[PDB]
$ cat query04.pdb   # PDB, C-alpha atoms
ATOM      1  CA  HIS A   1      50.903  15.878 -18.801  1.00  0.00           C
ATOM      2  CA  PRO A   2      50.435  12.388 -17.265  1.00  0.00           C
ATOM      3  CA  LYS A   3      48.297   9.876 -19.271  1.00  0.00           C
ATOM      4  CA  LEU A   4      48.428   9.777 -23.143  1.00  0.00           C
ATOM      5  CA  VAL A   5      51.022  12.343 -24.346  1.00  0.00           C
ATOM      6  CA  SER A   6      51.791  11.205 -27.902  1.00  0.00           C
ATOM      7  CA  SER A   7      50.287   8.821 -30.433  1.00  0.00           C
ATOM      8  CA  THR A   8      50.488   8.122 -34.131  1.00  0.00           C
ATOM      9  CA  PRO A   9      47.051   6.492 -34.487  1.00  0.00           C
ATOM     10  CA  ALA A  10      45.517   8.154 -37.597  1.00  0.00           C
ATOM     11  CA  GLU A  11      43.788  11.378 -36.345  1.00  0.00           C
ATOM     12  CA  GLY A  12      41.467  12.141 -39.285  1.00  0.00           C
ATOM     13  CA  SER A  13      44.102  10.794 -41.714  1.00  0.00           C
ATOM     14  CA  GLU A  14      42.775  10.540 -45.298  1.00  0.00           C
ATOM     15  CA  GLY A  15      44.311   8.904 -48.394  1.00  0.00           C
ATOM     16  CA  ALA A  16      46.686   5.937 -48.061  1.00  0.00           C
ATOM     17  CA  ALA A  17      45.918   3.585 -45.148  1.00  0.00           C
ATOM     18  CA  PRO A  18      47.667   4.350 -41.814  1.00  0.00           C
ATOM     19  CA  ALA A  19      50.703   2.063 -41.401  1.00  0.00           C
ATOM     20  CA  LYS A  20      49.982   1.119 -37.762  1.00  0.00           C
ATOM     21  CA  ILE A  21      48.452   2.807 -34.663  1.00  0.00           C
ATOM     22  CA  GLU A  22      50.924   3.842 -31.862  1.00  0.00           C
ATOM     23  CA  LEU A  23      49.806   5.138 -28.377  1.00  0.00           C
ATOM     24  CA  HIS A  24      52.344   6.568 -25.825  1.00  0.00           C
ATOM     25  CA  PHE A  25      51.479   7.614 -22.257  1.00  0.00           C
ATOM     26  CA  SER A  26      53.693   9.441 -19.738  1.00  0.00           C
ATOM     27  CA  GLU A  27      52.155   7.283 -17.021  1.00  0.00           C
ATOM     28  CA  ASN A  28      53.010   3.590 -16.692  1.00  0.00           C
ATOM     29  CA  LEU A  29      49.381   2.405 -16.639  1.00  0.00           C
ATOM     30  CA  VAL A  30      47.964  -0.828 -18.239  1.00  0.00           C
ATOM     31  CA  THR A  31      47.143  -2.921 -15.128  1.00  0.00           C
ATOM     32  CA  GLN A  32      45.915  -5.842 -17.335  1.00  0.00           C
ATOM     33  CA  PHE A  33      42.679  -3.995 -18.344  1.00  0.00           C
ATOM     34  CA  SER A  34      43.666  -2.072 -21.493  1.00  0.00           C
ATOM     35  CA  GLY A  35      43.038  -2.888 -25.161  1.00  0.00           C
ATOM     36  CA  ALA A  36      41.904  -1.446 -28.497  1.00  0.00           C
ATOM     37  CA  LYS A  37      39.912  -2.478 -31.586  1.00  0.00           C
ATOM     38  CA  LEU A  38      39.023  -1.117 -35.027  1.00  0.00           C
ATOM     39  CA  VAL A  39      35.520  -0.817 -36.541  1.00  0.00           C
ATOM     40  CA  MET A  40      34.669   0.230 -40.102  1.00  0.00           C
ATOM     41  CA  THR A  41      32.114   3.095 -40.185  1.00  0.00           C
ATOM     42  CA  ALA A  42      31.845   3.477 -43.974  1.00  0.00           C
ATOM     43  CA  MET A  43      32.789   0.810 -46.553  1.00  0.00           C
ATOM     44  CA  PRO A  44      31.689   0.260 -50.189  1.00  0.00           C
ATOM     45  CA  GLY A  45      28.694  -1.814 -51.299  1.00  0.00           C
ATOM     46  CA  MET A  46      26.829  -1.297 -48.016  1.00  0.00           C
ATOM     47  CA  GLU A  47      27.267   1.958 -46.074  1.00  0.00           C
ATOM     48  CA  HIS A  48      25.654  -0.188 -43.368  1.00  0.00           C
ATOM     49  CA  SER A  49      25.945   0.731 -39.664  1.00  0.00           C
ATOM     50  CA  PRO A  50      29.487   0.745 -38.154  1.00  0.00           C
ATOM     51  CA  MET A  51      30.845  -2.760 -37.498  1.00  0.00           C
ATOM     52  CA  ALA A  52      33.882  -4.472 -35.932  1.00  0.00           C
ATOM     53  CA  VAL A  53      36.873  -4.896 -38.256  1.00  0.00           C
ATOM     54  CA  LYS A  54      39.960  -7.160 -38.109  1.00  0.00           C
ATOM     55  CA  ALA A  55      42.784  -5.529 -36.097  1.00  0.00           C
ATOM     56  CA  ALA A  56      45.517  -7.069 -33.900  1.00  0.00           C
ATOM     57  CA  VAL A  57      46.473  -5.318 -30.634  1.00  0.00           C
ATOM     58  CA  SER A  58      50.155  -5.456 -29.564  1.00  0.00           C
ATOM     59  CA  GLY A  59      52.473  -3.323 -27.430  1.00  0.00           C
ATOM     60  CA  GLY A  60      56.099  -2.283 -27.817  1.00  0.00           C
ATOM     61  CA  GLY A  61      58.681  -3.477 -25.251  1.00  0.00           C
ATOM     62  CA  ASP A  62      56.873  -1.263 -22.658  1.00  0.00           C
ATOM     63  CA  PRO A  63      53.345  -2.081 -21.377  1.00  0.00           C
ATOM     64  CA  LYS A  64      52.730   1.701 -21.569  1.00  0.00           C
ATOM     65  CA  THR A  65      53.497   1.628 -25.333  1.00  0.00           C
ATOM     66  CA  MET A  66      50.415   0.295 -27.185  1.00  0.00           C
ATOM     67  CA  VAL A  67      50.781  -0.703 -30.882  1.00  0.00           C
ATOM     68  CA  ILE A  68      47.665  -1.711 -32.877  1.00  0.00           C
ATOM     69  CA  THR A  69      48.104  -3.280 -36.350  1.00  0.00           C
ATOM     70  CA  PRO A  70      45.261  -3.700 -38.855  1.00  0.00           C
ATOM     71  CA  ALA A  71      45.065  -7.454 -39.576  1.00  0.00           C
ATOM     72  CA  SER A  72      43.371  -7.031 -42.984  1.00  0.00           C
ATOM     73  CA  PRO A  73      44.704  -4.595 -45.629  1.00  0.00           C
ATOM     74  CA  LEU A  74      42.588  -1.507 -44.835  1.00  0.00           C
ATOM     75  CA  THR A  75      40.691  -0.633 -48.059  1.00  0.00           C
ATOM     76  CA  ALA A  76      38.793   2.456 -49.178  1.00  0.00           C
ATOM     77  CA  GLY A  77      36.285   3.687 -46.555  1.00  0.00           C
ATOM     78  CA  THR A  78      36.178   5.194 -43.024  1.00  0.00           C
ATOM     79  CA  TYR A  79      37.187   3.492 -39.750  1.00  0.00           C
ATOM     80  CA  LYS A  80      37.282   4.156 -36.001  1.00  0.00           C
ATOM     81  CA  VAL A  81      40.038   2.965 -33.685  1.00  0.00           C
ATOM     82  CA  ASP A  82      38.472   2.620 -30.222  1.00  0.00           C
ATOM     83  CA  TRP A  83      41.206   2.349 -27.557  1.00  0.00           C
ATOM     84  CA  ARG A  84      40.622   1.810 -23.811  1.00  0.00           C
ATOM     85  CA  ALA A  85      43.537   2.349 -21.358  1.00  0.00           C
ATOM     86  CA  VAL A  86      43.272   1.583 -17.534  1.00  0.00           C
ATOM     87  CA  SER A  87      45.657   2.151 -14.567  1.00  0.00           C
ATOM     88  CA  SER A  88      46.232   0.324 -11.252  1.00  0.00           C
ATOM     89  CA  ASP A  89      44.519   3.189  -9.409  1.00  0.00           C
ATOM     90  CA  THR A  90      41.502   2.741 -11.766  1.00  0.00           C
ATOM     91  CA  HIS A  91      41.552   6.043 -13.734  1.00  0.00           C
ATOM     92  CA  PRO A  92      40.190   4.711 -17.027  1.00  0.00           C
ATOM     93  CA  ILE A  93      40.912   6.689 -20.159  1.00  0.00           C
ATOM     94  CA  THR A  94      38.643   5.477 -22.982  1.00  0.00           C
ATOM     95  CA  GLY A  95      39.022   7.162 -26.350  1.00  0.00           C
ATOM     96  CA  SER A  96      38.834   6.875 -30.112  1.00  0.00           C
ATOM     97  CA  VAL A  97      40.433   8.100 -33.368  1.00  0.00           C
ATOM     98  CA  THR A  98      38.618   8.085 -36.750  1.00  0.00           C
ATOM     99  CA  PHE A  99      40.395   7.889 -40.127  1.00  0.00           C
ATOM    100  CA  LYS A 100      39.625   7.425 -43.842  1.00  0.00           C
ATOM    101  CA  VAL A 101      41.246   5.283 -46.534  1.00  0.00           C
ATOM    102  CA  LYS A 102      41.302   5.587 -50.332  1.00  0.00           C
TER
END

$ encode --input "query04.pdb" --output "structure tokens"
Amino acid sequence: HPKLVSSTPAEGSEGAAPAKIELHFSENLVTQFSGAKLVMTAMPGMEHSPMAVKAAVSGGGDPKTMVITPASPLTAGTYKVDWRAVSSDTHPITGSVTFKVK
């Protein structure tokens, strides 16, 4: 209803890498305390513990429209987008989306 209404992040997407990660909220939040990052949680060679990966966080022409780009070409493996959105009146929403790549 209010808060996050639509996104195209990569909700359990498998196969080709997700193009970008879009987050859209009914509410005009983002009081200078929102952001998002990407971590890889399976990658070849290692299968070592989940670790921070290279993403760039942007927004559209609205502060309430978050747009996260991967900065490296996402290769075969599994990743987690962690996003954290905050409002003026506090009300943190902190959340995550996992996806896979081949």

$ residues_around --input "query04.pdb" --residues "segment 18-29 of chain A" --least-positions-apart "5" --cutoff "10 Å" --atoms "only C-alpha atoms" --output "ChimeraX atom specification"
/A:1-11,13,34,36,55,57-60,62-70,73-74,81,83,85-92,97,99-101

$ write_last_selection --input "query04.pdb" --atoms "C-alpha atoms" --output "PDB file, in the coordinates of the input"
ATOM      1  CA  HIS A   1      50.903  15.878 -18.801  1.00  0.00           C
ATOM      2  CA  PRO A   2      50.435  12.388 -17.265  1.00  0.00           C
ATOM      3  CA  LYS A   3      48.297   9.876 -19.271  1.00  0.00           C
ATOM      4  CA  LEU A   4      48.428   9.777 -23.143  1.00  0.00           C
ATOM      5  CA  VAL A   5      51.022  12.343 -24.346  1.00  0.00           C
ATOM      6  CA  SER A   6      51.791  11.205 -27.902  1.00  0.00           C
ATOM      7  CA  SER A   7      50.287   8.821 -30.433  1.00  0.00           C
ATOM      8  CA  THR A   8      50.488   8.122 -34.131  1.00  0.00           C
ATOM      9  CA  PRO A   9      47.051   6.492 -34.487  1.00  0.00           C
ATOM     10  CA  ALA A  10      45.517   8.154 -37.597  1.00  0.00           C
ATOM     11  CA  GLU A  11      43.788  11.378 -36.345  1.00  0.00           C
ATOM     12  CA  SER A  13      44.102  10.794 -41.714  1.00  0.00           C
ATOM     13  CA  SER A  34      43.666  -2.072 -21.493  1.00  0.00           C
ATOM     14  CA  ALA A  36      41.904  -1.446 -28.497  1.00  0.00           C
ATOM     15  CA  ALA A  55      42.784  -5.529 -36.097  1.00  0.00           C
ATOM     16  CA  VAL A  57      46.473  -5.318 -30.634  1.00  0.00           C
ATOM     17  CA  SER A  58      50.155  -5.456 -29.564  1.00  0.00           C
ATOM     18  CA  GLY A  59      52.473  -3.323 -27.430  1.00  0.00           C
ATOM     19  CA  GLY A  60      56.099  -2.283 -27.817  1.00  0.00           C
ATOM     20  CA  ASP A  62      56.873  -1.263 -22.658  1.00  0.00           C
ATOM     21  CA  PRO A  63      53.345  -2.081 -21.377  1.00  0.00           C
ATOM     22  CA  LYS A  64      52.730   1.701 -21.569  1.00  0.00           C
ATOM     23  CA  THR A  65      53.497   1.628 -25.333  1.00  0.00           C
ATOM     24  CA  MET A  66      50.415   0.295 -27.185  1.00  0.00           C
ATOM     25  CA  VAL A  67      50.781  -0.703 -30.882  1.00  0.00           C
ATOM     26  CA  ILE A  68      47.665  -1.711 -32.877  1.00  0.00           C
ATOM     27  CA  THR A  69      48.104  -3.280 -36.350  1.00  0.00           C
ATOM     28  CA  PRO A  70      45.261  -3.700 -38.855  1.00  0.00           C
ATOM     29  CA  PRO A  73      44.704  -4.595 -45.629  1.00  0.00           C
ATOM     30  CA  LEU A  74      42.588  -1.507 -44.835  1.00  0.00           C
ATOM     31  CA  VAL A  81      40.038   2.965 -33.685  1.00  0.00           C
ATOM     32  CA  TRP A  83      41.206   2.349 -27.557  1.00  0.00           C
ATOM     33  CA  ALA A  85      43.537   2.349 -21.358  1.00  0.00           C
ATOM     34  CA  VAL A  86      43.272   1.583 -17.534  1.00  0.00           C
ATOM     35  CA  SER A  87      45.657   2.151 -14.567  1.00  0.00           C
ATOM     36  CA  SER A  88      46.232   0.324 -11.252  1.00  0.00           C
ATOM     37  CA  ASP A  89      44.519   3.189  -9.409  1.00  0.00           C
ATOM     38  CA  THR A  90      41.502   2.741 -11.766  1.00  0.00           C
ATOM     39  CA  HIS A  91      41.552   6.043 -13.734  1.00  0.00           C
ATOM     40  CA  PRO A  92      40.190   4.711 -17.027  1.00  0.00           C
ATOM     41  CA  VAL A  97      40.433   8.100 -33.368  1.00  0.00           C
ATOM     42  CA  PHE A  99      40.395   7.889 -40.127  1.00  0.00           C
ATOM     43  CA  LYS A 100      39.625   7.425 -43.842  1.00  0.00           C
ATOM     44  CA  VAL A 101      41.246   5.283 -46.534  1.00  0.00           C
TER      45      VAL A 101
END

$ atom_distance --input "query04.pdb" --atom1 "atom CA of residue 54 of chain A" --atom2 "atom CA of residue 37 of chain A"
8.0 Å

$ atom_distance --input "query04.pdb" --atom1 "atom CA of residue 76 of chain A" --atom2 "atom CA of residue 35 of chain A"
25.0 Å

$ atom_distance --input "query04.pdb" --atom1 "atom CA of residue 102 of chain A" --atom2 "atom CA of residue 79 of chain A"
11.5 Å

$ closest_residue --input "query04.pdb" --among "A:32, A:39, A:46, A:17" --to "residue 96 of chain A" --atoms "only C-alpha atoms"
A:39

$ axis_aligned_box --input "query04.pdb" --around "segment 5-24 of chain A" --padding-each-side "5 Å" --output "lines of an AutoDock Vina configuration file"
center_x = 46.9
center_y = 6.7
center_z = -36.4
size_x = 20.9
size_y = 21.2
size_z = 34.0

$ closest_residue --input "query04.pdb" --among "A:48, A:38, A:43, A:71" --to "residue 95 of chain A" --atoms "all atoms listed in the file"
A:38

$ closest_residue --input "query04.pdb" --among "A:72, A:94, A:49, A:78" --to "residue 33 of chain A" --atoms "only C-alpha atoms"
A:94

$ closest_residue --input "query04.pdb" --among "A:51, A:98, A:61, A:77" --to "residue 15 of chain A" --atoms "all atoms listed in the file"
A:77
